[PDB]
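Data block below; observations after.
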Amino acid sequence: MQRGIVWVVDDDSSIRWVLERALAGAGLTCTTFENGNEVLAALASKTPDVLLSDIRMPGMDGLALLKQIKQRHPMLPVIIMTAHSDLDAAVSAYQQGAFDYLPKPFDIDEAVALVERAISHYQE
Ligand code: BEF
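Reading the sequence shown from the start, the letters are residues 978 to 1101 in the working numbering.
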């Protein structure tokens, strides 16, 4: 049941290949973007069930990426790979409905782990 669209924003390629096929086997649609602002463009026409954002490119490292998401999507939850920058912006995330902040590690094991158990807690 349910579609299941998981969007990721990071270095792509490596992160994409793993999360794309592997997460696809789980029954979801995993796509990746450059870092964050890219998903925003796509977000302007769609909303993923579990968004994943990077944090090492934009102004506020990555938390800034959250701000963009909350500006147009004050509900779409996002998952950041790092929280070493201005954590302040991460707060605007929790208020808009962000997912959380995961350490640099991720891959399928660490990401799929946080995604499945997370969506399961939400349910329809
Ligand atoms: F690689 Be991301 F900037 F955490």
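Think of the CB as a built atom: it goes at the ideal place given N, C-alpha and C, for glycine as much as any other residue.
- Query: Does any CB atom of chain D fall closer than 7 Å to the CB of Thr-1024?
  - Reply: Here chain D cannot be found, since the structure has a single protein chain.
- Assuming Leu-1029 and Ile-1056 make a contact with CB atoms under 8 Å, what is their CB distance in whole Å? Indeed, because the Cβ distance is near 5 Å, the residues count as touching under 8 Å.
- Residues near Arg-1033 in its chain [Cβ-Cβ closer than 7 Å; skip 5 each side]: By the criterion of a C-beta distance shorter than 7 Å, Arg-1033 is surrounded in its chain by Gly-1039 and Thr-1059, once the five residues flanking it on both sides are discounted.
- Roughly how far, in whole angstroms, is the beta-carbon of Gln-1045 from the beta-carbon of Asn-1014, given that I think they are within contact range, below 8 Å? Yes, they are in contact, since the Cβ atoms of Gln-1045 and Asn-1014 sit about 7 Å apart, within 8 Å.
- Message: Tell me whether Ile-1032, by its Cβ, gets closer than 6 Å to a heavy atom of ligand 1.
- Response: Yes, Cβ of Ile-1032 sits closer than 6 Å to a heavy atom of ligand 1.
- Any contact of the region 1059-1077 with the region 984-994, i.e. 3+ C-beta pairs under 8 Å? At 8 Å Cβ cutoff, the stretches do not touch.
- Query: Residues in its own chain within less than 8 Å of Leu-1091 by CB, not counting five upstream and five downstream?
  - Reply: Closer than 8 Å at Cβ, skipping near neighbours: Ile-1056, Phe-1076, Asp-1077 and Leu-1079.
- Task: Thinking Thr-1006 and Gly-1036 are a contact (beta carbons under 8 Å), I'd like their distance in whole angstroms, please.
- Result: Contact between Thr-1006 and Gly-1036 is absent: CB atoms are separated by about 29 Å, not below the 8 Å threshold.
- Residues near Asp-1026 by beta carbon distance below 7 Å, same chain, minus five either side: Spatial neighbours of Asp-1026 in its own chain (CB-CB distance under 7 Å, excluding positions within 5 residues in sequence) are listed in chain order as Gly-981, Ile-982, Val-983 and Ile-1096.
- Query: Measuring from the CB of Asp-1026, is there a heavy atom of ligand 1 at a distance below 6 Å?
  - Reply: Flag unset: Cβ of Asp-1026 not near ligand 1.
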